[PDB]
Structure formats: C-alpha cells, structure tokens
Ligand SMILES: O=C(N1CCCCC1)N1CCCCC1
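To begin, one chain is listed below as structure tokens, in the form solved without this ligand.
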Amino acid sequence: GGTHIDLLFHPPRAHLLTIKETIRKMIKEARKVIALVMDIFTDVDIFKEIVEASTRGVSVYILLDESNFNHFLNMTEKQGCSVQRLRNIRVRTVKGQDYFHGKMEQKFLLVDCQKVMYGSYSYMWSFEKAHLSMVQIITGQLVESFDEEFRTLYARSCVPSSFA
C-alpha cells in the first residue's frame, strides 16, 4: 500500500466541507486515539468535539506550543472545562530554543493511526474567518511517519507548569 493525499483549502475550492468542518468530522469519527500537535488552540467548537470524543472513550493526546499555551488555558477556563479533570485527555507543551521565544511551529491532527490532516490551519477563529490556508488529508503509508513524529515530539514535551 501507498499513500493517498487530497488537498483542502480555506476558503474552500472544489470540495464540499470547509477545513473546520472536516476537522470536526475527523474528531467525531475517531474510535480509538486522537493525537494533535498545534501551535495555538482557542477554537471552542473544535475543543468541544475533542471533549466529546474523550467522553466516548477515545484517548486524546495534545501537544501545544509552550509560548501560546496560556491561550488554550484561557479558553478552557472560559468554557468551564478543565483538561486536568478529563480523564481521557493528556496535554503537554513543546518549546523551541529561546534567545524571544522558540516555538513549536508544526501543526497536524492524527486520528486512529489512520488519517492525518497536515497543513497551515491553526485552531483559532481567525483561521475560520480571516486567513487563507490549506491542508492535506493523508492516508496510507505516510501516516506512520506522522505517528513517529508525534512520538518524537511527545518525548520532548513538558508537563505544563500550571498542572499539579
């Protein structure tokens, strides 16, 4: 087996779902595991879908850029929905080399070791309404390289300071 890749764009071009609707669909259809690497995560709709998935029993692992993590924490506080009290979600932070903050500038979503969304869309209102972006939907062989990269990032991640 090879690798299959479909492109999606924001705004949409020659496909039926927006990128955001495709993210929510990927998450709603997850059976086993969600592995997410994201620079900035403030989009409440996407967060809700991930929380719902975790309540069905899906194991969710989230790696967030350290410098922007406060924005995720602010969003989860506003929502009354602490990741520390959700048993099936683990969140850790990843940073680069400071000099000015070094950042984890990689974004992808990996579901059931089966499908990846890889591209320039960040989970924020601005990507739904303001920015131009594109992603690949990847299935097949190359997915295993994303699994390996998620594990690689996970190994260099830290428990966030906030958490006890």
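Numbers for residues come from their place in the sequence shown, where the first is 1.
Keep in mind that the form deposited with this ligand bound is not shown, yet the notes after this line are about it.
Novice: Verify the contact flag for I137: yes if a non-hydrogen atom of it lies within 4.5 Å of a non-hydrogen atom of this ligand in the bound PDB entry, no if not.
Specialist: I137: no contact with this ligand in the bound PDB entry.
Novice: May I ask you to check whether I40 falls inside a 4.5 Å heavy atom distance of this ligand in the bound PDB entry?
Specialist: Flag for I40 set to no.
Novice: May I ask you to state whether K25 is within 4.5 Å of this ligand in the bound PDB entry, using heavy atom distances?
Specialist: It does not: once this ligand is placed as it appears in the bound PDB entry, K25 has no heavy atom within 4.5 Å of it.
Novice: Residue-level question: is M124 within 4.5 Å of this ligand in the bound PDB entry, judged on heavy atoms?
Specialist: It does not: once this ligand is placed as it appears in the bound PDB entry, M124 has no heavy atom within 4.5 Å of it.
Novice: Quick one: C113, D147 and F150 and this ligand in the bound PDB entry, is every residue within 4.5 Å by at least one heavy atom?
Specialist: Yes, the whole trio is in contact, each within 4.5 Å by some heavy atom.
Novice: Relative to this ligand in the bound PDB entry, which residues of 59-95 have a heavy atom no more than 4.5 Å away?
Specialist: The stretch 59-95, when checked against this ligand in the bound PDB entry, contributes only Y61 at the 4.5 Å heavy-atom cut-off.
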